[PDB]
Amino acid sequence: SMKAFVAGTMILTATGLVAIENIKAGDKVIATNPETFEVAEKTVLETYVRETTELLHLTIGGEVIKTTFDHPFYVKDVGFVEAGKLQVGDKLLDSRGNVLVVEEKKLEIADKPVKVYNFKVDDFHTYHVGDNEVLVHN
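Residues numbered from 1 in each chain as written, not as in the entry; some residues may be left out. Heavy atoms only, no water.

As stated in the entry header, the method of structure determination is solution NMR.

Asker: Just to check I follow, could you spell out the environment of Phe 5 for this structure?
Answerer: Mapping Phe 5 onto the fold places it in strand β1 (residues 5–6). A C-alpha to C-alpha distance of 12 Å links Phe 5 and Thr 47, two positions 42 residues apart in sequence. Excluding residues that lie within four positions of it along the chain, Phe 5 makes contacts with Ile 20, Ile 65, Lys 66, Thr 67, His 71, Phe 73, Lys 115, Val 116, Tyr 117, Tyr 127, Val 129 and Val 136. (Helix = DSSP H or I, 4+ residues; strand = E, 2+ residues; numbered from the N terminus. Contact = heavy atoms within 4.5 Å.)

Asker: Help me understand empty space enclosed by the protein in this model?
Answerer: By rolling a water-sized probe across the atoms, one finds the places where empty space is left. For the structure on display, the rule yields one cavity of 30 Å³ or more. Volume-wise, the largest cavity comes out at about 50 Å³. Around the largest cavity, the lining residues are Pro 34, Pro 72, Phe 73, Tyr 74, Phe 80, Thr 126, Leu 135, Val 136 and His 137. Those elements that provide at least two residues to the lining of the largest cavity are β7 (72–75) and β12 (134–137). Across the lining of the largest cavity, the residue classes tally to seven nonpolar, two polar and no charged. (1 Å grid on protein atoms, 1.4 Å probe; cavity = no way out; pocket = protein on both sides within 12 Å on 5 of 7 lines; lining within 4 Å. Points joined across faces, edges and corners; volume = space filled by probe spheres on them. Nonpolar A, V, L, I, M, F, W, Y, C, P; charged D, E, K, R; others polar.)

Asker: Even after reading the chapter, I still don't get the packing of aromatic side chains, so can you show me in this structure?
Answerer: Aromatic ring pairs are defined here through the distance separating the ring centres and the angle between the ring planes. If you walk through the whole model with that rule in mind, you get three aromatic pairs. Between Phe 5 and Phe 73, the ring centres sit 6.4 Å apart and the planes meet at 75°, which makes this aromatic pair edge-to-face. A residue pair is termed long-range when its members are at least 10 positions apart, and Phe 5 in strand β1 and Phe 73 in strand β7 qualify at 68 residues. Like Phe 73, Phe 5 is buried. The ring of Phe 124 is capped by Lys 42, whose NZ or CZ atom sits 5.9 Å from the centre of that ring. (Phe/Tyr/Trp six-rings, centres within 6.5 Å; stacked < 30°, edge-to-face > 60°. Buried < 20%, exposed > 50% of the residue type's maximum accessible area, 1.4 Å probe, protein only. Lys NZ or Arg CZ within 6 Å of the ring centre and 35° of its normal.)

Asker: Quick question: what am I supposed to make of the layout of surface pockets here?
Answerer: Space inside the largest pocket adds up to approximately 170 Å³. Contributing to the lining of the largest pocket are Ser 1, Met 2, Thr 52, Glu 54, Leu 55, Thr 68, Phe 69, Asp 70, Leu 107, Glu 108 and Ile 109. At the level of elements, β5 (39–60) and β10 (99–121) are the ones that each hand at least two residues to the lining of the largest pocket. Taken together, the residues of the lining of the largest pocket sort by class into five nonpolar, three polar and three charged.

Asker: How should the pairing of β7 be read in this particular structure?
Answerer: Across a regular strand the side chains alternate sides, sitting on one face of the sheet and then on the other. Residues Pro 72 and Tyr 74 line one face of β7 and the alternating positions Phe 73 and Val 75 line the opposite face, and both faces are buried. Two strands pair when backbone bridges link them, and β7 and strand β8 (residues 79–82) are joined in this way by four bridges, in the antiparallel orientation. Opposite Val 75, over in β8, you have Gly 79 as the bridge partner. Following β7, the chain reverses through three residues before pairing antiparallel with β8; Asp 77 in that reversal takes a positive phi of roughly 60°. (Pairing = 2+ DSSP bridges.)

In structure tokens:
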């Protein structure tokens, strides 16, 4: 159960977007509280990086988000689930808490171990990924 994203994966900030490869400790991101959908800015405590050959591709609302097979995503009226256990046409949420839909699920083995990034948040335990701002867990 690795929990990471590939390089170039976009992250929602107070000023716009950043790549996950460029988040640092003491940088801020938007975090939408899964208790009450309160939208807040929160800071980063640590920034982890791993390597893996096993990747998963998901399309949400026309945005591709390449991730790990065990990565936690939030589902409408259900809660958090592993990215590799989702189906097409199932209901995710965004940074406002509005409903998104899965367009595609895809898998491959990479020809070399790819670098993948993850981080932990100061009080909240969520953040947002891709140009469509999809809700995910720490």
